[PDB]
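Trainee: Next input, structure requested:
(2 chains)
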Amino acid sequence: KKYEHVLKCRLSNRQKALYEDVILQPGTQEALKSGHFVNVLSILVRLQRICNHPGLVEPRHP
Amino acid sequence: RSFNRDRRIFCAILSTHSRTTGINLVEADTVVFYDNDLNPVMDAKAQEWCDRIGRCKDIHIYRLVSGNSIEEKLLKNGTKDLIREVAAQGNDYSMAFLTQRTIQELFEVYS
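Mentor: Numbering: from 1, shown residues only, chains lettered A, B, ... in the order given. The structure is reproduced below:
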């Protein structure tokens, strides 16, 4: 038997900061306005990697 | 096999880009999908192997999503269909398969 669950997780403030930084960078806005498959793919490989854990995009150094 | 034989190891952590989904027996009774996989071949093989485990005995599958992020939009099969569309002859074209409306409306915040 199979039971399906989808759980919504609220992103942290550091995640929110990196997310807004990546989105509001002009290199993302120009791609959104004009369009390019590789650019949108790169934008997601950034943003979803942030969304998993911000330590993969900027780790906390000692 | 180690994880199957010993009931103490609480969780096996597993990569969707692993290859040996040909192993039919995994003893643990729940799965958490921590993330979505943009590549649909890996996604299909991961789902299919988890459903194989579910056929072997009852399981709970868990899908985590960030509420406000793009990951909610990737949950829709249309984004995978987008990548599938771009997969055909994605070298000689202008890489403009993603129409402006599709890009903007997929991400834009609405009431």
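Trainee: Relative to chain A, how far out is the nearest residue to residue B:53 once chain neighbours are set aside?
Mentor: Leaving aside its sequence neighbours, residue B:53 sits nearest to residue B:26 (Cβ to Cβ, 6 or more residues apart in numbering or on different chains; 5.4 Å). For the C-beta atoms, the positions are set from N, CA and C on the backbone; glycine is no exception. According to Cβ to the nearest Cβ, to the nearest Å, residue B:26 stands 15 Å off from chain A.
Trainee: Could you do residue B:7 as well?
Mentor: Residue B:7 sits 22 Å away from chain A, going by Cβ to the nearest Cβ.
Trainee: For residue A:7, grab phi and psi.
Mentor: With angles defined as degrees, to the nearest 10, residue A:7 sits at phi -120, psi 130.
Trainee: these two touch, right, it and residue B:60?
Mentor: No: the pair residue A:7 / residue B:60 is not scored as a contact, 11.5 Å apart, by Cβ atoms under 8 Å.
Trainee: higher neighbour count, those two?
Mentor: Taking neighbours as other Cβ atoms under 10 Å in any protein chain shown, residue A:7 and residue B:60 compare with residue B:60 leading, 14 against 10.
Trainee: May I see the buried residues of the helix or strand that one falls within?
Mentor: Using DSSP states H and E, residue B:60 maps to strand B:59-66. Within strand B:59-66, the residues scored as buried using 16 or more other Cβ atoms under 10 Å in any protein chain shown are B:59, B:61, B:64, B:65, B:66.
Trainee: do stretch B:76-94 as well
Mentor: B:79, B:80, B:82, B:83, B:86.
Trainee: Over to the spatially closest residue to residue B:85 that is not a sequence neighbour. Which of the three states is it?
Mentor: Closest residue in space to residue B:85, ignoring its immediate chain neighbours: residue B:97 at 5.6 Å, by Cβ to Cβ, 6+ apart. Secondary structure for residue B:97, judged by DSSP: H, G, I helix; E, B strand; the rest coil, is coil.
Trainee: OK, contacts around the closest residue to residue B:106 other than its chain neighbours?
Mentor: Counting by Cβ to Cβ, 6+ apart, residue B:73 is the residue found nearest to residue B:106 once chain neighbours are left out, at 5.1 Å. Residues near residue B:73 by Cβ atoms under 8 Å, 6 or more residues apart in numbering or on different chains: B:79, B:106, B:107.
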